């Protein structure tokens, strides 16, 4: 229904603050966060959103402690193995993709991604992108490299490079809705932290102080209601 975004993206944050707050391990913060994802993806599907992207891991995040990063990777494998398998085989019929530098991930996580993508390859329901080892600068540079390789091999001239060409070489080339209509960021910070950059020229931003382990279906609804109250003029 028109006032329903095609693409919603979410930046998860606030997991350690939440753990600190509740006297509990950061790992428990992360696990309680990841447990919210399935209800959010269900909700977005019911609402008629066409693509939901959840950003789970930036390149910068690899500079955290080894054990924190390894626990995240394991939780994501588990998420892809249970929750995602349930979503793509439900009547929601979700299509699953992962975007990012998947070569940086543990082989097991790469395999779990392959499995979930293969299992959902023919599905026709809402697309769900898990962005993992995904950074917006890195996307742009890698697009630039792919375009330059084509120029090197004669397939493309420099003056042929336009928005649309640049767009077809990003990691979001797997969707016809690469640009989010609505970007949600949990935990109160007002910054992109090297998420999408090319993708965001007209995206509506919604920032909630809610820490992501507390973030549920009602918080998605709240962001959507803010969205419907926005006037989008696109410069003109």
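Residue numbers count along the first chain shown, from 1.
Asks: For the C-alpha atoms alone, is the average B factor greater in 158 to 166 or in 126 to 134, going by the entry?
Replies: Result of the comparison: 158 to 166.
Asks: Taking the recorded C-alpha temperature factors, which stretch has the higher mean, 181 to 189 or 60 to 68?
Replies: Per the deposited B-factors, the answer is 60 to 68.
Asks: Given 113, 147, 94, 99, identify the residue with the highest C-alpha B factor in the PDB entry.
Replies: 113 has the highest C-alpha B-factor of those listed.
Asks: What third of the chain, by the recorded C-alpha B-factor, contains residue 86?
Replies: Highest third.
Asks: Split into thirds by Cα B-factor across the chain's modelled residues, where does residue 47 land: lowest, middle or highest?
Replies: According to the entry, residue 47 has a C-alpha B-factor in the chain's middle third.
Asks: What third of its chain's C-alpha B-factors does residue 109 belong to: lowest, middle or highest?
Replies: It belongs to the highest third of the chain when residues are ordered by C-alpha B-factor.
Asks: Grab the CA temperature factor for residue 139 from the record and place it in the lowest, middle or highest third of its chain.
Replies: Bottom third by C-alpha B-factor.
Asks: Within this chain, which third does the Cα B-factor at residue 26 fall in: lowest, middle or highest?
Replies: Within its chain, residue 26 is a highest-third residue by C-alpha B-factor, going by the deposited values.
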